[PDB]
Amino acid sequence: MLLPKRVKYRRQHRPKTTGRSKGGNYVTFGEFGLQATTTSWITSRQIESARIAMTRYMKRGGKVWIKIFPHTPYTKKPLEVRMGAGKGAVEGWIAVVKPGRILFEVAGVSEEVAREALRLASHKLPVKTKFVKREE
Amino acid sequence: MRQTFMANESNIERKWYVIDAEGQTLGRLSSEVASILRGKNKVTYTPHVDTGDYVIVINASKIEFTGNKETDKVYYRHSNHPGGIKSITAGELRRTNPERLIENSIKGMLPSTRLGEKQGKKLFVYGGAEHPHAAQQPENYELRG
Amino acid sequence: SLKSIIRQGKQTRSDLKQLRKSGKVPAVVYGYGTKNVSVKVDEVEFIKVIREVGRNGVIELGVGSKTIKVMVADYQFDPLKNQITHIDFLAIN
Amino acid sequence: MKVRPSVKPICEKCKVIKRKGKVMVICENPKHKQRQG
Amino acid sequence: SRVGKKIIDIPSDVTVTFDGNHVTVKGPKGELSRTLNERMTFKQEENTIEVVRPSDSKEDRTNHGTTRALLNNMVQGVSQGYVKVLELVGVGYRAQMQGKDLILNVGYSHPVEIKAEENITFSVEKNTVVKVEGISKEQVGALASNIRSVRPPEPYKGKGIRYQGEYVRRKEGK
Amino acid sequence: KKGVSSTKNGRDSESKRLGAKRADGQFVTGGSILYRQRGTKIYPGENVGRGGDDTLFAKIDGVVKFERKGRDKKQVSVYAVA
RNA sequence: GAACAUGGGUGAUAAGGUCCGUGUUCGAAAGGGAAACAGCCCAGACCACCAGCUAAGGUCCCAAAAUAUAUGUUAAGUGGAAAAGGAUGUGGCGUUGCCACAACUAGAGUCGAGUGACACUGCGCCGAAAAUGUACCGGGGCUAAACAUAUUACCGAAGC
RNA sequence: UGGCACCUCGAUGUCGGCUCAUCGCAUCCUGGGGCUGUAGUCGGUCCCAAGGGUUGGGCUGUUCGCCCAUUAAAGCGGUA
């Protein structure tokens, strides 16, 4: 649950989802990057239900480096009521990804682990992924 | 209004033809028979009178079909009764009463009018036995476009 | 590295994406004596840049005249394909 | 047998071949065996 | 593609003559059988039929390995003639013959009878077991298999009648 | 069906119609309005004057001219030409 | 006031939902195509005619016109209805490398002829369960009478 | 359980039970199976299978629900 602390406004607009990526199209903190190939809203809960799990495969082995942080906090109403008497209280945090962006970064550990670990991790996210080998 | 020859009774003459379905593919040999039955091969064809001739088959047990339609393409039929769906015959109904197989196929490409029903009564299909219409002097059509 | 390109054509309609599956890339030399007088290169002779320079050094050009050492500097890597578009050189003077 | 969409060659003894509609697997043990579902 | 030029002999007690889409093995080893082998361009020049029909069709490389083998199994099993043994696991199979009708038993209140066909010889050196012969494994095979599967042998404790030898999944419980 | 928890919002004010009111290069009258805005986005130049901390108006007839002043500040002007 | 196509808010990147903005049609518009279908595509009826050329869409039969020509792609009736995935499916695009790889085996020697990960693909396959009766090609039926291109010929409105 | 307000306010008039049905499969019984932590009787999960079956009572109005005694079994649904 990667969330912030101090926010000026608590109710915001749904982010725009069209077009290619902007920044973070490469990998730094480790040899190996997991790219993204479609568009969606990753929603902090995926991240910590696809981080603890990747480390439970990693058995507290090597180290990871996350390349996605949810900023715009999405809101939602509780029980199904009438339409329109205000906005629902914030209940989530979302991050938007576009095709061509490295989401995770790791170092040192063997490529067998890299493949058989990011395949474990992608099985939680609603975006379709593809391996990247730091292919200079 | 002007000058347009209109064929009528006691002015048109019908003949008799004999086609053989030895190496035909049903559908292809059915569309060429429907046109002859409707009489759309004459220069004096009118759509308000019965123009055309009769057709006779002598090999309805030699018809073949490409693909896996011999095991599929089942024929359904209802009897207006709660759960009267009848699909006993499938694609291998060419061994038992194959005359109906071709009959229906050629009767499924004709108009459903009062004149389109009497035009479908000028076709005689036989499983494999020779026709007994030797007093009509039927011409051998065989060859199809 | 002896790699040769040629002067390609401008006034391009964007109908080139489809003449692009068949290999090419743009390329434009910087430096005096000439200008941004672009050159067109192909890829599967760059399937062997592996041994050519590394990334920092010399390449022949054979670009008609003024065939000297020219340096491909920038990077215009492309997402979603493992393709490449507009890699470009410069003169050494 | 088992039945799930994600058949593969499962253990280090089971290997696959395409049947009519099933891309099921043949090997030496009936604890790793599957047909598409 | 699989087995292309594997042009092997036809040294027979027989010959092969091709007119139709097939073969026919007349030999003192086995007299005059064949199915329709292949609608492929079949030759038989001086002793054998190894005819280079199929190539460049995905169907062709299984057609080769199938129809060179329709001819192949036919000519051989009708020349060679080779059926192997079967097993006797337990106490009290009553193995015999009555022409083309053998007998066993499994532990049924009523030994149910099975009868077979000819052109697959009914061969019995069998007192609690099975070991038969014939000519064409296509015709001795499905019967070497109806006899396999009468009382599927105890996959726990031994009883049954089966084939020449393997392991069975041997199971344990309370 | 259930009396909702209402909205602590709903208030706004009437728009004032700010911006340019005469186009560059057209002929005017003495005393006409040229621009209306809060604070001095466009300074007054030649033969124009600022009113009560807005409304840059013209002082003589002629044609208007929009122009840059220093590096990043503009200005308006009127020239007597006829 | 309504639908359709775009640019946003609100709701659950729910609704043939709801509120604004820019266009067109319906409203107040007949005629041809989408099997039937105010809002989708083509096109605006002053009246007569048993004249001719075209538009969208089409040319085996119902039912006007090619069972046209040249080239590929597809074995499911795909065409003629969904997704994450899954894989000894594949025609095209690059590899990589033994001159062994199918029967060798460590959990070593041969003989004779193709093997594969990976990368972009194009078309397929499985994933795919509902209540009166086949039951979304409109029906008969089709391996081209399907799909992707090219060039042609002709048919087609109350348009000219 | 809800959300929307498109047909009906010069009327589309009623929840259980009784009487009589008909269709489905996501199978309660019977049937054909591979697999079991299936020796056998038994039984657990899965696959195919829709022809016919699928009980009488006590207790609040109960569409629910608990209990008594049986039975090869006392399945879940759609059809204003």
# chains A, B, ... in the order shown; residues from 1 in each chain; ligands from 1
call {"tool": "residues_around", "arguments": {"residues": "residue 92 (chain C)", "least_positions_apart": "2", "cutoff": "9 Å", "atoms": "only C-alpha atoms (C1' of nucleotides)", "output": "PyMOL selection string"}}
result
chain C and resi 30-32+68-71+90
call {"tool": "write_last_selection", "arguments": {"atoms": "N, CA and C atoms", "output": "PDB file, in the first residue's frame"}}
result
ATOM      1  N   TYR C  30      25.782  15.547 -38.926  1.00  0.00           N
ATOM      2  CA  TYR C  30      25.982  16.961 -38.523  1.00  0.00           C
ATOM      3  C   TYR C  30      27.419  17.339 -38.920  1.00  0.00           C
ATOM      4  N   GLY C  31      27.778  18.597 -38.851  1.00  0.00           N
ATOM      5  CA  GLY C  31      29.119  19.057 -39.127  1.00  0.00           C
ATOM      6  C   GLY C  31      29.218  19.860 -40.402  1.00  0.00           C
ATOM      7  N   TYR C  32      30.318  20.591 -40.543  1.00  0.00           N
ATOM      8  CA  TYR C  32      30.494  21.524 -41.643  1.00  0.00           C
ATOM      9  C   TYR C  32      30.761  20.762 -42.941  1.00  0.00           C
ATOM     10  N   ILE C  68      34.110  10.162 -44.990  1.00  0.00           N
ATOM     11  CA  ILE C  68      35.098  10.247 -43.926  1.00  0.00           C
ATOM     12  C   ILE C  68      34.485   9.664 -42.668  1.00  0.00           C
ATOM     13  N   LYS C  69      35.222   9.725 -41.564  1.00  0.00           N
ATOM     14  CA  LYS C  69      34.687   9.250 -40.299  1.00  0.00           C
ATOM     15  C   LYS C  69      33.541  10.144 -39.856  1.00  0.00           C
ATOM     16  N   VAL C  70      32.406   9.515 -39.565  1.00  0.00           N
ATOM     17  CA  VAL C  70      31.195  10.192 -39.125  1.00  0.00           C
ATOM     18  C   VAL C  70      30.666   9.460 -37.903  1.00  0.00           C
ATOM     19  N   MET C  71      30.191  10.212 -36.916  1.00  0.00           N
ATOM     20  CA  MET C  71      29.747   9.644 -35.646  1.00  0.00           C
ATOM     21  C   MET C  71      28.227   9.703 -35.504  1.00  0.00           C
ATOM     22  N   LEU C  90      27.411  12.467 -37.561  1.00  0.00           N
ATOM     23  CA  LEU C  90      27.996  13.799 -37.557  1.00  0.00           C
ATOM     24  C   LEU C  90      29.417  13.730 -38.109  1.00  0.00           C
TER      25      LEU C  90
END
call {"tool": "interface_residues", "arguments": {"of": "chain G", "to": "chain B", "cutoff": "8 Å", "atoms": "only C-alpha atoms (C1' of nucleotides)", "output": "PDB file with N, CA and C atoms (P, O5', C5', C4', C3', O3' and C1' of nucleotides), in the first residue's frame"}}
result
ATOM      1  P     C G  50     -45.172   3.202 -69.180  1.00  0.00           P
ATOM      2  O5'   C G  50     -44.488   1.827 -69.602  1.00  0.00           O
ATOM      3  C5'   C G  50     -43.125   1.540 -69.237  1.00  0.00           C
ATOM      4  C4'   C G  50     -42.392   0.930 -70.407  1.00  0.00           C
ATOM      5  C3'   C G  50     -42.571   1.649 -71.739  1.00  0.00           C
ATOM      6  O3'   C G  50     -41.400   1.507 -72.533  1.00  0.00           O
ATOM      7  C1'   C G  50     -43.439  -0.534 -71.913  1.00  0.00           C
ATOM      8  P     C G  60     -22.825 -15.118 -58.543  1.00  0.00           P
ATOM      9  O5'   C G  60     -23.759 -16.394 -58.738  1.00  0.00           O
ATOM     10  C5'   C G  60     -23.955 -16.971 -60.042  1.00  0.00           C
ATOM     11  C4'   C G  60     -24.544 -18.355 -59.918  1.00  0.00           C
ATOM     12  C3'   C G  60     -26.005 -18.414 -59.502  1.00  0.00           C
ATOM     13  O3'   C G  60     -26.850 -18.331 -60.643  1.00  0.00           O
ATOM     14  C1'   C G  60     -24.743 -19.898 -58.160  1.00  0.00           C
ATOM     15  P     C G  61     -28.238 -17.547 -60.549  1.00  0.00           P
ATOM     16  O5'   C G  61     -29.122 -18.493 -59.622  1.00  0.00           O
ATOM     17  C5'   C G  61     -29.882 -19.576 -60.189  1.00  0.00           C
ATOM     18  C4'   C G  61     -30.861 -20.119 -59.176  1.00  0.00           C
ATOM     19  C3'   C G  61     -31.839 -19.111 -58.593  1.00  0.00           C
ATOM     20  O3'   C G  61     -32.975 -18.954 -59.434  1.00  0.00           O
ATOM     21  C1'   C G  61     -30.904 -20.416 -56.852  1.00  0.00           C
ATOM     22  P     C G  62     -33.787 -17.576 -59.433  1.00  0.00           P
ATOM     23  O5'   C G  62     -34.445 -17.547 -57.982  1.00  0.00           O
ATOM     24  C5'   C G  62     -35.490 -18.471 -57.631  1.00  0.00           C
ATOM     25  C4'   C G  62     -35.987 -18.199 -56.230  1.00  0.00           C
ATOM     26  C3'   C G  62     -36.377 -16.761 -55.931  1.00  0.00           C
ATOM     27  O3'   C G  62     -37.715 -16.515 -56.348  1.00  0.00           O
ATOM     28  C1'   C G  62     -35.097 -17.655 -54.137  1.00  0.00           C
ATOM     29  P     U G 132     -38.737 -22.090 -23.232  1.00  0.00           P
ATOM     30  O5'   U G 132     -39.397 -23.050 -24.319  1.00  0.00           O
ATOM     31  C5'   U G 132     -40.225 -24.159 -23.920  1.00  0.00           C
ATOM     32  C4'   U G 132     -40.964 -24.721 -25.111  1.00  0.00           C
ATOM     33  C3'   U G 132     -40.181 -24.755 -26.420  1.00  0.00           C
ATOM     34  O3'   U G 132     -40.543 -25.901 -27.182  1.00  0.00           O
ATOM     35  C1'   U G 132     -42.118 -23.445 -26.703  1.00  0.00           C
ATOM     36  P     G G 133     -39.470 -27.052 -27.459  1.00  0.00           P
ATOM     37  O5'   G G 133     -38.907 -26.682 -28.903  1.00  0.00           O
ATOM     38  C5'   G G 133     -37.886 -27.485 -29.523  1.00  0.00           C
ATOM     39  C4'   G G 133     -37.367 -26.804 -30.766  1.00  0.00           C
ATOM     40  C3'   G G 133     -36.995 -25.336 -30.605  1.00  0.00           C
ATOM     41  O3'   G G 133     -35.937 -24.984 -31.488  1.00  0.00           O
ATOM     42  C1'   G G 133     -38.853 -25.527 -32.060  1.00  0.00           C
ATOM     43  P     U G 134     -34.422 -25.037 -30.977  1.00  0.00           P
ATOM     44  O5'   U G 134     -33.611 -25.407 -32.297  1.00  0.00           O
ATOM     45  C5'   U G 134     -33.593 -26.756 -32.801  1.00  0.00           C
ATOM     46  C4'   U G 134     -32.777 -26.823 -34.069  1.00  0.00           C
ATOM     47  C3'   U G 134     -32.174 -25.500 -34.529  1.00  0.00           C
ATOM     48  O3'   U G 134     -30.916 -25.710 -35.157  1.00  0.00           O
ATOM     49  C1'   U G 134     -33.686 -26.284 -36.165  1.00  0.00           C
ATOM     50  P     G G 139     -30.590 -18.551 -42.274  1.00  0.00           P
ATOM     51  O5'   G G 139     -31.527 -19.267 -43.344  1.00  0.00           O
ATOM     52  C5'   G G 139     -32.769 -19.873 -42.944  1.00  0.00           C
ATOM     53  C4'   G G 139     -33.486 -20.442 -44.144  1.00  0.00           C
ATOM     54  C3'   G G 139     -32.708 -21.467 -44.956  1.00  0.00           C
ATOM     55  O3'   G G 139     -32.856 -22.778 -44.423  1.00  0.00           O
ATOM     56  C1'   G G 139     -33.607 -19.844 -46.411  1.00  0.00           C
ATOM     57  P     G G 140     -31.708 -23.865 -44.656  1.00  0.00           P
ATOM     58  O5'   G G 140     -31.810 -24.169 -46.216  1.00  0.00           O
ATOM     59  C5'   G G 140     -32.652 -25.229 -46.703  1.00  0.00           C
ATOM     60  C4'   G G 140     -32.522 -25.364 -48.202  1.00  0.00           C
ATOM     61  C3'   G G 140     -31.197 -25.912 -48.708  1.00  0.00           C
ATOM     62  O3'   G G 140     -31.186 -27.334 -48.694  1.00  0.00           O
ATOM     63  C1'   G G 140     -31.774 -23.986 -49.947  1.00  0.00           C
ATOM     64  P     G G 141     -29.969 -28.115 -48.012  1.00  0.00           P
ATOM     65  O5'   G G 141     -28.689 -27.452 -48.690  1.00  0.00           O
ATOM     66  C5'   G G 141     -28.250 -27.866 -49.999  1.00  0.00           C
ATOM     67  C4'   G G 141     -27.471 -26.766 -50.688  1.00  0.00           C
ATOM     68  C3'   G G 141     -25.970 -26.749 -50.431  1.00  0.00           C
ATOM     69  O3'   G G 141     -25.275 -27.602 -51.332  1.00  0.00           O
ATOM     70  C1'   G G 141     -26.839 -24.585 -50.085  1.00  0.00           C
ATOM     71  P     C G 142     -23.833 -28.173 -50.938  1.00  0.00           P
ATOM     72  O5'   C G 142     -22.880 -26.911 -51.132  1.00  0.00           O
ATOM     73  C5'   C G 142     -22.380 -26.558 -52.435  1.00  0.00           C
ATOM     74  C4'   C G 142     -21.600 -25.267 -52.366  1.00  0.00           C
ATOM     75  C3'   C G 142     -20.172 -25.386 -51.858  1.00  0.00           C
ATOM     76  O3'   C G 142     -19.293 -25.708 -52.929  1.00  0.00           O
ATOM     77  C1'   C G 142     -21.264 -23.573 -50.784  1.00  0.00           C
ATOM     78  P     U G 143     -18.412 -27.041 -52.868  1.00  0.00           P
ATOM     79  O5'   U G 143     -16.934 -26.485 -52.659  1.00  0.00           O
ATOM     80  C5'   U G 143     -16.654 -25.501 -51.646  1.00  0.00           C
ATOM     81  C4'   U G 143     -15.209 -25.073 -51.720  1.00  0.00           C
ATOM     82  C3'   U G 143     -14.248 -26.102 -52.292  1.00  0.00           C
ATOM     83  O3'   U G 143     -13.101 -25.464 -52.843  1.00  0.00           O
ATOM     84  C1'   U G 143     -13.860 -25.856 -49.968  1.00  0.00           C
TER      85        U G 143
END
call {"tool": "residues_around", "arguments": {"residues": "residue 20 (chain F)", "least_positions_apart": "5", "cutoff": "8 Å", "atoms": "only C-alpha atoms (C1' of nucleotides)", "output": "PyMOL selection string"}}
result
chain F and resi 34-36
call {"tool": "write_last_selection", "arguments": {"atoms": "N, CA and C atoms", "output": "compact mmCIF listing (two decimals), in the first residue's frame"}}
result
# COMPACT_ATOMS: atom_id res chain seq x y z
N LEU F 34 -10.69 49.70 -25.44
CA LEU F 34 -9.82 48.80 -26.19
C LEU F 34 -9.54 47.48 -25.50
N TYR F 35 -9.63 47.47 -24.16
CA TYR F 35 -9.34 46.25 -23.37
C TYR F 35 -9.89 46.42 -21.95
N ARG F 36 -10.36 45.32 -21.35
CA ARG F 36 -10.92 45.33 -19.98
C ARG F 36 -10.33 44.15 -19.20
call {"tool": "residues_around", "arguments": {"residues": "region 27-36 of chain D", "least_positions_apart": "2", "cutoff": "8 Å", "atoms": "only C-alpha atoms (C1' of nucleotides)", "output": "PDB file with N, CA and C atoms (P, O5', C5', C4', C3', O3' and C1' of nucleotides), in the first residue's frame"}}
result
ATOM      1  N   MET D   1      -7.499 -38.579 -14.925  1.00  0.00           N
ATOM      2  CA  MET D   1      -7.032 -37.413 -15.652  1.00  0.00           C
ATOM      3  C   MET D   1      -7.413 -36.186 -14.847  1.00  0.00           C
ATOM      4  N   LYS D   2      -6.852 -35.036 -15.209  1.00  0.00           N
ATOM      5  CA  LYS D   2      -7.308 -33.740 -14.729  1.00  0.00           C
ATOM      6  C   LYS D   2      -7.840 -32.930 -15.908  1.00  0.00           C
ATOM      7  N   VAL D   3      -8.601 -31.884 -15.592  1.00  0.00           N
ATOM      8  CA  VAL D   3      -9.186 -31.014 -16.606  1.00  0.00           C
ATOM      9  C   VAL D   3      -9.089 -29.557 -16.174  1.00  0.00           C
ATOM     10  N   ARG D   4      -8.167 -28.822 -16.783  1.00  0.00           N
ATOM     11  CA  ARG D   4      -8.093 -27.378 -16.640  1.00  0.00           C
ATOM     12  C   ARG D   4      -7.563 -26.797 -17.939  1.00  0.00           C
ATOM     13  N   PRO D   5      -7.896 -25.538 -18.242  1.00  0.00           N
ATOM     14  CA  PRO D   5      -7.395 -24.930 -19.487  1.00  0.00           C
ATOM     15  C   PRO D   5      -5.875 -24.874 -19.587  1.00  0.00           C
ATOM     16  N   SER D   6      -5.167 -24.707 -18.477  1.00  0.00           N
ATOM     17  CA  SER D   6      -3.718 -24.523 -18.510  1.00  0.00           C
ATOM     18  C   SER D   6      -2.959 -25.849 -18.482  1.00  0.00           C
ATOM     19  N   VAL D   7      -3.229 -26.746 -19.428  1.00  0.00           N
ATOM     20  CA  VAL D   7      -2.356 -27.903 -19.576  1.00  0.00           C
ATOM     21  C   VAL D   7      -0.993 -27.455 -20.098  1.00  0.00           C
ATOM     22  N   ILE D  10       3.979 -31.184 -17.633  1.00  0.00           N
ATOM     23  CA  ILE D  10       3.909 -30.732 -16.242  1.00  0.00           C
ATOM     24  C   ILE D  10       5.212 -31.003 -15.493  1.00  0.00           C
ATOM     25  N   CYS D  11       5.559 -32.273 -15.310  1.00  0.00           N
ATOM     26  CA  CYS D  11       6.766 -32.633 -14.588  1.00  0.00           C
ATOM     27  C   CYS D  11       7.894 -32.816 -15.594  1.00  0.00           C
ATOM     28  N   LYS D  13       8.889 -35.508 -16.831  1.00  0.00           N
ATOM     29  CA  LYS D  13       8.664 -36.758 -17.539  1.00  0.00           C
ATOM     30  C   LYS D  13       7.493 -36.715 -18.516  1.00  0.00           C
ATOM     31  N   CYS D  14       6.653 -35.684 -18.481  1.00  0.00           N
ATOM     32  CA  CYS D  14       5.445 -35.618 -19.296  1.00  0.00           C
ATOM     33  C   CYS D  14       5.632 -34.642 -20.453  1.00  0.00           C
ATOM     34  N   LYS D  15       5.283 -35.078 -21.670  1.00  0.00           N
ATOM     35  CA  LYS D  15       5.486 -34.299 -22.888  1.00  0.00           C
ATOM     36  C   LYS D  15       4.273 -34.428 -23.814  1.00  0.00           C
ATOM     37  N   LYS D  22      -7.939 -31.721 -28.036  1.00  0.00           N
ATOM     38  CA  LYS D  22      -7.120 -31.758 -26.833  1.00  0.00           C
ATOM     39  C   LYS D  22      -5.643 -31.763 -27.199  1.00  0.00           C
ATOM     40  N   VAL D  23      -4.870 -30.972 -26.467  1.00  0.00           N
ATOM     41  CA  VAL D  23      -3.422 -30.928 -26.607  1.00  0.00           C
ATOM     42  C   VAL D  23      -2.901 -31.517 -25.303  1.00  0.00           C
ATOM     43  N   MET D  24      -3.547 -32.604 -24.878  1.00  0.00           N
ATOM     44  CA  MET D  24      -3.184 -33.398 -23.714  1.00  0.00           C
ATOM     45  C   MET D  24      -1.806 -34.042 -23.821  1.00  0.00           C
ATOM     46  N   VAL D  25      -1.382 -34.723 -22.754  1.00  0.00           N
ATOM     47  CA  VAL D  25       0.000 -35.147 -22.580  1.00  0.00           C
ATOM     48  C   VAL D  25       0.053 -36.628 -22.210  1.00  0.00           C
TER      49      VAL D  25
ATOM     50  P     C G 126     -11.970 -24.367 -31.369  1.00  0.00           P
ATOM     51  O5'   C G 126     -11.379 -24.618 -29.912  1.00  0.00           O
ATOM     52  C5'   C G 126     -11.182 -25.957 -29.419  1.00  0.00           C
ATOM     53  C4'   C G 126     -10.545 -25.925 -28.051  1.00  0.00           C
ATOM     54  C3'   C G 126     -11.261 -25.083 -27.007  1.00  0.00           C
ATOM     55  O3'   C G 126     -12.303 -25.824 -26.385  1.00  0.00           O
ATOM     56  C1'   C G 126      -8.936 -24.622 -26.951  1.00  0.00           C
TER      57        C G 126
END
call {"tool": "closest_atom_pairs", "arguments": {"of": "chain H", "to": "chain D", "cutoff": "9 Å", "atoms": "only C-alpha atoms (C1' of nucleotides)", "output": "tab-separated table"}}
result
residue	atom	partner	partner_atom	distance
H:34	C1'	D:1	CA	6.6
H:35	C1'	D:1	CA	6.7
H:46	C1'	D:2	CA	7.2
H:47	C1'	D:3	CA	8.8
call {"tool": "write_last_selection", "arguments": {"atoms": "N, CA, C and O atoms (P, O5', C5', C4', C3', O3' and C1' of nucleotides)", "output": "PDB file, in the first residue's frame"}}
result
ATOM      1  P     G H  34     -12.648 -47.639 -15.895  1.00  0.00           P
ATOM      2  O5'   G H  34     -11.608 -46.458 -15.652  1.00  0.00           O
ATOM      3  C5'   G H  34     -10.331 -46.455 -16.321  1.00  0.00           C
ATOM      4  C4'   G H  34      -9.823 -45.045 -16.522  1.00  0.00           C
ATOM      5  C3'   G H  34      -8.994 -44.466 -15.386  1.00  0.00           C
ATOM      6  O3'   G H  34      -7.631 -44.866 -15.472  1.00  0.00           O
ATOM      7  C1'   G H  34     -10.616 -42.886 -16.045  1.00  0.00           C
ATOM      8  P     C H  35      -6.811 -45.198 -14.139  1.00  0.00           P
ATOM      9  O5'   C H  35      -7.264 -44.042 -13.139  1.00  0.00           O
ATOM     10  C5'   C H  35      -6.721 -42.713 -13.255  1.00  0.00           C
ATOM     11  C4'   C H  35      -6.989 -41.923 -11.996  1.00  0.00           C
ATOM     12  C3'   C H  35      -6.720 -42.648 -10.688  1.00  0.00           C
ATOM     13  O3'   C H  35      -5.345 -42.546 -10.342  1.00  0.00           O
ATOM     14  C1'   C H  35      -8.779 -41.455 -10.568  1.00  0.00           C
ATOM     15  P     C H  46     -16.430 -32.025  -8.688  1.00  0.00           P
ATOM     16  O5'   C H  46     -15.744 -32.676  -9.969  1.00  0.00           O
ATOM     17  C5'   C H  46     -14.593 -32.060 -10.577  1.00  0.00           C
ATOM     18  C4'   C H  46     -14.009 -32.962 -11.636  1.00  0.00           C
ATOM     19  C3'   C H  46     -14.957 -33.382 -12.748  1.00  0.00           C
ATOM     20  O3'   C H  46     -15.040 -32.388 -13.762  1.00  0.00           O
ATOM     21  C1'   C H  46     -13.762 -35.271 -11.968  1.00  0.00           C
ATOM     22  P     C H  47     -16.444 -32.088 -14.469  1.00  0.00           P
ATOM     23  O5'   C H  47     -16.417 -33.044 -15.742  1.00  0.00           O
ATOM     24  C5'   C H  47     -15.190 -33.282 -16.457  1.00  0.00           C
ATOM     25  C4'   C H  47     -15.380 -34.383 -17.471  1.00  0.00           C
ATOM     26  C3'   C H  47     -16.809 -34.612 -17.941  1.00  0.00           C
ATOM     27  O3'   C H  47     -17.135 -33.758 -19.030  1.00  0.00           O
ATOM     28  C1'   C H  47     -15.843 -36.680 -17.328  1.00  0.00           C
TER      29        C H  47
END
call {"tool": "closest_atom_pairs", "arguments": {"of": "chain G", "to": "chain E", "cutoff": "10 Å", "atoms": "only C-alpha atoms (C1' of nucleotides)", "output": "CSV"}}
result
residue,atom,partner,partner_atom,distance
G:102,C1',E:2,CA,8.4
G:113,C1',E:1,CA,9.1
G:114,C1',E:1,CA,8.1
call {"tool": "atom_distance", "arguments": {"atom1": "CA of residue 128 (chain E)", "atom2": "CA of residue 145 (chain E)"}}
result
16.8 Å
call {"tool": "residues_around", "arguments": {"residues": "region 42-57 of chain A", "least_positions_apart": "4", "cutoff": "7 Å", "atoms": "only C-alpha atoms (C1' of nucleotides)", "output": "PyMOL selection string"}}
result
chain A and resi 1-2+70+93-96+117+120-121+124-125
call {"tool": "closest_atom_pairs", "arguments": {"of": "chain A", "to": "chain F", "cutoff": "12 Å", "atoms": "only C-alpha atoms", "output": "CSV"}}
result
residue,atom,partner,partner_atom,distance
A:80,CA,F:1,CA,11.3
A:81,CA,F:1,CA,8.2
A:82,CA,F:1,CA,7.7
A:83,CA,F:4,CA,10.6
A:84,CA,F:4,CA,9.8
A:85,CA,F:6,CA,6.1
A:86,CA,F:7,CA,5.8
A:87,CA,F:7,CA,9.1
A:88,CA,F:5,CA,11.1
call {"tool": "residues_around", "arguments": {"residues": "residue 27 (chain A)", "least_positions_apart": "2", "cutoff": "7 Å", "atoms": "only C-alpha atoms (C1' of nucleotides)", "output": "VMD selection string"}}
result
chain A and resid 29 33 102 105
call {"tool": "residues_around", "arguments": {"residues": "region 64-68 of chain G", "least_positions_apart": "2", "cutoff": "9 Å", "atoms": "only C-alpha atoms (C1' of nucleotides)", "output": "ChimeraX atom specification"}}
result
/B:28,145 /G:58-60,145,153-156
call {"tool": "select_by_dssp", "arguments": {"residues": "region 1-101 of chain B", "states": "alpha helix (DSSP H)", "output": "ChimeraX atom specification"}}
result
/B:27-38,98-101
call {"tool": "atom_distance", "arguments": {"atom1": "CA of residue 54 (chain C)", "atom2": "CA of residue 17 (chain C)"}}
result
28.4 Å
call {"tool": "interface_residues", "arguments": {"of": "chain G", "to": "chain A", "cutoff": "9 Å", "atoms": "only C-alpha atoms (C1' of nucleotides)", "output": "MDAnalysis selection string"}}
result
chainID G and resid 9:13 18 84
call {"tool": "atom_distance", "arguments": {"atom1": "CA of residue 40 (chain B)", "atom2": "CA of residue 137 (chain B)"}}
result
22.4 Å
call {"tool": "select_by_dssp", "arguments": {"residues": "region 2-143 of chain B", "states": "strand (DSSP E or B)", "output": "list in words"}}
result
residues 16, 17, 18, 19, 54, 55, 56, 57, 123, 124, 139 and 140 of chain B
call {"tool": "closest_residue", "arguments": {"among": "G:135, G:150, G:125, G:130", "to": "chain D", "atoms": "only C-alpha atoms (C1' of nucleotides)"}}
result
G:125
